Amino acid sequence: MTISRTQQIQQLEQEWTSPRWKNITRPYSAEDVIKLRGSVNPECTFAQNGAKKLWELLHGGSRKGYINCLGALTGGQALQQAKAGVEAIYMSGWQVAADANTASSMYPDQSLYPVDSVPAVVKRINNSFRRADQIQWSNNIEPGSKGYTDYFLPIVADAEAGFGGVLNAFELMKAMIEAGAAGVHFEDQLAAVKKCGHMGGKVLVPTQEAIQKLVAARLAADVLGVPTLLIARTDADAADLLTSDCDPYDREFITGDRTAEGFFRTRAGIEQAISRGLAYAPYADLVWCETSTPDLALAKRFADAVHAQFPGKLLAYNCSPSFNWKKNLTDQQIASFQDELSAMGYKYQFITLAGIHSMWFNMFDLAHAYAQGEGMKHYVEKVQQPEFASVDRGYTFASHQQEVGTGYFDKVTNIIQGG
């Protein structure tokens, strides 16, 4: 049955009454969304599937009661995470800046790479998943059977602050969805003006401007018709600078001091972060207070404050890869950290830079020994034997040709050529 424009509007209005959209504010109409959709709205299968799966995982479907992730910067890394039992992929903008962007360059984390970069790697990941799934399906290995992997993990992707204005955010959100992201995060700092020096640091935008970026992102998702998870990050815990005092909501944090650039000094900390989290909560599915120092007490303060106004709100938490865990916490505290966060409502947790540290450290570790001599000894000891020892854990890449689809394409060849 053909679906008329009026029917599209009605169906959208109906969808917004479903449990998925409970407590979510949209400052525009269904009619407005359909006005932007065009007469043909190409389907985004990976994004639809990812968003639905991520929602399920966030609400009781996960194995541990929370989702824990590790930043992946190649499709193959993501694939190994799936094989290993990880339930969702974290896609880090920092890692993409460093070693996987479309400028083919190494950058620090300041929104320097071209805006198509993160969507490009999301696509890479979904293609690795797709080939792995094709291999599995071609051998009729089914869910519940030994050796089965559900390869299509939802991908949560870093959109920075949207690379400019509301339209840049709108376009980037669409690109994430088209690439197949399940969730996307936006933050309220402006990387472009990050202040250099000892009295520098991150700079926030007014709350109203951060809210408008979230509205732009939700609009993009609504126009495409995909219930993508939207995560609002605040940098207000550490950021003691603000571009403009134009939003009265921010006034209580302004100290009066200005920078040479004209920025306003603010009182950074948990209170400012709470202010931002409360403001963003109606416009996002999850709220995230960026933290450089893992601290359960502060995590509890943030969660309690948000939940006092927004009971049950889903929260995200980044677990620092640079914080010296052993030096600052007991082994018991380290082992229980993510569990403890989960009980507070942090249901999406991640180590942003895990993949790049994993890759870079282990490349170094092998290379340093190998370069000195007895090369094969070191390859065998550091790589080949440990691989063999992981077969019982579900590692399959010792069988390298099948892993990348040699058997799959042999089947294709055979089907083409007959027999």
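The first residue of the sequence shown is number 1, and the count goes up from there.
With 112-120 and 80-88 compared on mean CA B-factor from the PDB entry, the stretch scoring higher is 80-88. Stretches 39-47 and 57-65 differ in mean C-alpha B factor, with the higher average recorded for 57-65. In this entry, the residue among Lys313, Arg233, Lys326, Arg130 with the greatest C-alpha B factor is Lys326. Considering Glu178, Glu160, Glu209, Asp331 together, the PDB entry gives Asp331 the largest C-alpha B factor. The deposited CA B-factor of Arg301 belongs to the highest third of values across its chain. Sort the chain's modelled residues by C-alpha temperature factor and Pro27 lands in the middle third, per the entry. In the PDB entry, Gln338 places in the middle third of its chain by CA B-factor. When all modelled residues of the chain are sorted by CA temperature factor, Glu290 is found within the middle third. For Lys377, the recorded CA B-factor ranks within the highest third of the chain. Only modelled residues enter the ranking.
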